[PDB]
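Chemist: One structure, pasted below without further comment.
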Amino acid sequence: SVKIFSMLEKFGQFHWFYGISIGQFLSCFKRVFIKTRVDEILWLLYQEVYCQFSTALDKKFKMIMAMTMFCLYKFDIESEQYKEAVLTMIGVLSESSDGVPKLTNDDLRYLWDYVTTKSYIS
């Protein structure tokens with residue numbers, strides 16, 4: 001929760017409209033319960049906070065938020081090879097680091113097929 005709030009504070013730092021308040025975040029966390037268990041609360045938290053604070057951002061920041069929240073979840077939950085592969089693929093999207101990823105699950109194969117065929121938007 002504090003990592004997400006720091007992310008949203010950075011979004012509010014970039015533009016005056018994208019600001020975030022602590023009351024809104026706690027209202028969203030209340031709505032999480034209004035609408036392996038701790039991981040289920042964590043997943044519901046991510047889904048609700050994305051569906052709540054995605055509408056306050058434009059297209060580019062929608063993509064930024066979705067990508068970095070998926071990165072946060074998959075990095076904290078899953079293994080190190082997954083993390084390294086995702087950073088290398090985000091880098092080759094960013095054209096700052098160039099290099100093929102190491103094959104392990106299945107979704108990374110689909111992302112690799114999307115990016116090798118130059119389907120950036122996909």
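For the structure tokens, the naming scheme is as follows: chains receive sequential letters (A, B, ...) according to their order of presentation, residues are indexed from 1 within each chain, and ligands are indexed from 1 in presentation order.
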Name all residues at most 10 Å from residue 41 in chain A (count only C-alpha atoms; drop same-chain ones fewer than 6 positions away) and give them as a ChimeraX atom specification.
Modeler: /A:29,32-33,47
Chemist: Hey, what's within 12 Å of residue 67 in chain A if we count only C-alpha atoms and toss same-chain stuff fewer than 3 positions away? As a PyMOL selection string, please?
Modeler: chain A and resi 50+54+60-64+70-75+86-87+89-90+93
Chemist: Rank A:24, A:45, A:105, A:113 by their smallest atom-to-atom distance to residue 78 in chain A, using only C-alpha atoms, and report the top residue only.
Modeler: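 Ranked by minimum distance to residue 78 in chain A, first place goes to A:105.
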Chemist: Need to verify the contact set: residue 8 in chain A, 8 Å, only C-alpha atoms, exclusion of same-chain residues closer than 4 positions in sequence. Can you return it as a ChimeraX atom specification?
Modeler: /A:4,12,18-20
Chemist: Pull N, CA, C and O atoms from the residues just selected and write them as a PDB file, in the first residue's frame.
Modeler:
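File part36.pdb, as written:
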```pdb
ATOM      1  N   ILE A   4       2.312   1.734  -3.509  1.00  0.00           N
ATOM      2  CA  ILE A   4       1.307   2.284  -4.418  1.00  0.00           C
ATOM      3  C   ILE A   4       1.079   3.763  -4.137  1.00  0.00           C
ATOM      4  O   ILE A   4       0.941   4.573  -5.063  1.00  0.00           O
ATOM      5  N   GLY A  12       1.039  12.517  -9.049  1.00  0.00           N
ATOM      6  CA  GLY A  12       0.574  13.851  -8.705  1.00  0.00           C
ATOM      7  C   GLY A  12       1.671  14.892  -8.757  1.00  0.00           C
ATOM      8  O   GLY A  12       1.396  16.083  -8.929  1.00  0.00           O
ATOM      9  N   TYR A  18      -3.245  14.894 -11.541  1.00  0.00           N
ATOM     10  CA  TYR A  18      -3.065  13.506 -11.140  1.00  0.00           C
ATOM     11  C   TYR A  18      -2.766  13.354  -9.653  1.00  0.00           C
ATOM     12  O   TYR A  18      -2.237  12.314  -9.242  1.00  0.00           O
ATOM     13  N   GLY A  19      -3.093  14.359  -8.842  1.00  0.00           N
ATOM     14  CA  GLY A  19      -2.797  14.295  -7.427  1.00  0.00           C
ATOM     15  C   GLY A  19      -3.601  13.228  -6.711  1.00  0.00           C
ATOM     16  O   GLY A  19      -4.648  12.775  -7.171  1.00  0.00           O
ATOM     17  N   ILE A  20      -3.087  12.816  -5.557  1.00  0.00           N
ATOM     18  CA  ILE A  20      -3.687  11.744  -4.778  1.00  0.00           C
ATOM     19  C   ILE A  20      -3.844  12.206  -3.335  1.00  0.00           C
ATOM     20  O   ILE A  20      -3.015  12.951  -2.803  1.00  0.00           O
TER      21      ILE A  20
END
```
Chemist: Using Å and a single decimal, report how far CA of residue 102 in chain A sits from CA of residue 80 in chain A.
Modeler: 11.4 Å
Chemist: Pull the helix (DSSP H, G or I) assignments for range 34-74 of chain A out of DSSP run on the backbone, and list those residues as a PyMOL selection string.
Modeler: chain A and resi 34+38-53+59-74
Chemist: Using only C-alpha atoms for the distances, tell me which of A:14, A:120, A:56, A:49 is nearest to residue 30 in chain A.
Modeler: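 Looking only at the distances to residue 30 in chain A, the closest residue turns out to be A:49.
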Chemist: Which distance in Å separates CA of residue 53 in chain A and CA of residue 68 in chain A, to one decimal?
Modeler: 13.6 Å
Chemist: With distances taken over only C-alpha atoms, which residue among A:100, A:15, A:6, A:116 lies nearest residue 57 in chain A?
Modeler: A:15
Chemist: Nearest to residue 111 in chain A among A:96, A:77, A:17, A:85, with distances taken over only C-alpha atoms: which residue is it?
Modeler: A:85
Chemist: Quick one: distance from CA of residue 115 in chain A to CA of residue 79 in chain A in Å, one decimal?
Modeler: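 Taking CA of residue 115 in chain A as the start and CA of residue 79 in chain A as the end point, the length is 22.3 Å.
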